[PDB]
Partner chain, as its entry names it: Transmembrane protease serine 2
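First, one chain by itself in structure tokens, the form deposited without its partner chain.
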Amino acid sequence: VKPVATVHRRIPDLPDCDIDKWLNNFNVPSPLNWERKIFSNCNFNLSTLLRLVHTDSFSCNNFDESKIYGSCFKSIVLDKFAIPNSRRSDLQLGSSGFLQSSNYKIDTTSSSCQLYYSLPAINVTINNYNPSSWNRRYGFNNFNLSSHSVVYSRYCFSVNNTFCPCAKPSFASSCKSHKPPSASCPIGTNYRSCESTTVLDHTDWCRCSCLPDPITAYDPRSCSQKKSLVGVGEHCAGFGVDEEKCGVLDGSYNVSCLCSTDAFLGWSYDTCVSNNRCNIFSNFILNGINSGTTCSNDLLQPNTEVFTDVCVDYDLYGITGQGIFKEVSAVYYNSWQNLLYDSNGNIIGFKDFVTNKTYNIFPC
């Protein structure tokens, strides 16, 4: 870990981070649409936080939880979502289950903490939201689910920007066996790939891509929906669509390509409620330990001396460097701010808010 600077001063009047207010928001997202908030340049209290959220468990990975208290970070990145009861074990670090394959991958290389907490069920409304623009482009609007149902994707699929799920009306019109539904595709997209053959006594046997469906496809290579595991920081690329439920039978070019709601596959849901509270997950990413101005107020930090006349590494109101400090009478401190810069933008002076002493800073 990068050590704390020998001369360190915090910015004195920063606002509270209010992490608990965000975690306790009653509009709780599902893992499908996990929410992120970045906290910076503010003071937080881990001890208070764990009491104000009804914490069940808190632990850290690649970091010592006990070292958070009294520390400063460049930023704290918080991700959160309600936990479907059946998926809880998916959140073990490194797990290949549904939550981390297809909704939210917990980064195991960063310094992070995982907080398990809960909210009273009667006040909670789950926000299930499909993040996939291509799903939405072709018909997906909302879920229609009980209160406290929490959606999760099982399988995600990506497509390129020329994707369209509907067979071409001109192609479908001559099919006699297994005619696909059809519609016009947007300009700049390619119609669903389809072929007509004879076979046995079927003169016009039509088959298109992604059969039986993109999850169980006989031939993934010819299906334009491509399996995709979520990476760190990503959301599900999209539910696979049953292309046989996109368009309409005998649809012409006057109907726009749209997939029925039940065409979107590979997802499920479970309640988050146990003991009449909704169980929630949050992940903390700790960026730049022992730097920055996102600082714990859990401790009465006893401010140390401003060591003078010696080369010193410093972290002053968020700005870092090394130099020699020499105390000066106030007359020689040529500015009104707590830091003093030269023509080239380098720090040449410092006022200590703790003592009101003023210092020149020289290079080592």
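Shifts are known only where both forms have a C-alpha. Numbering follows the first chain given and starts at 1. Heads up, when I say rigid core I mean the largest set of C-alphas that superpose within 1.5 Å between the two forms.
Higher mean CA B-factor, judged across 88-96 and 143-151 from the recorded values: 143-151. In this entry, the higher average B-factor at the C-alpha atoms falls on 65-73, of the pair 65-73 and 32-40. Comparing C-alpha B-factors across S329, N45, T320, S57 in the deposited entry, the largest value falls on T320. Note on the listed residues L78, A167, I289, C113: the highest Cα temperature factor in the record is that of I289. Per-chain ranking of the deposited C-alpha B factor places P180 in the lowest third. Annotation for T198: CA B-factor lies in the highest third of the chain's modelled residues. Ranked within its chain, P214 lands in the lowest third, by CA B factor from the PDB record. Among all modelled residues in its chain, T261 ranks in the highest third by Cα B-factor. Sorting the modelled residues of the chain by their CA temperature factor places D250 in the highest third.
Omitted from view is the form deposited with its partner chain bound, to which the following refers.
Proximity to its partner chain in the deposited complex, taken as a non-hydrogen atom within 4.5 angstroms, holds for one residue of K74, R136, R88, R207, which is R207. Scanning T197, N160, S170, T125 against its partner chain in the deposited complex with a 4.5 Å heavy atom cut-off leaves one residue, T197.
Using a 4.5 Å cut-off to its partner chain in the deposited complex, not one of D18, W22 and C42 places a heavy atom inside that distance.
The stretch that touches its partner chain in the deposited complex, counting heavy atoms within 4.5 Å, is 198-206, out of 269-277, 290-298, 256-264, 198-206. For the chain shown alone, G188 is not a contact residue for its partner chain in the deposited complex, no non-hydrogen atom being within 4.5 angstroms. In the deposited complex, its partner chain sits within 4.5 Å of a heavy atom belonging to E244.
Remark: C175 does not count among the residues lining its partner chain in the deposited complex, judged by a heavy atom distance of 4.5 Å or less. Its partner chain is not drawn, but in the deposited complex it has no heavy atom within 4.5 Å of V151.
Although its partner chain is not shown here, in the deposited complex the stretch 214-244 places heavy atoms of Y218, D219, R221, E244 within 4.5 Å of it, in sequence order.
Shifted region between the shown form and the other one (3+ consecutive residues, every CA moving 2 Å or more on the core fit): 200-202 alone.
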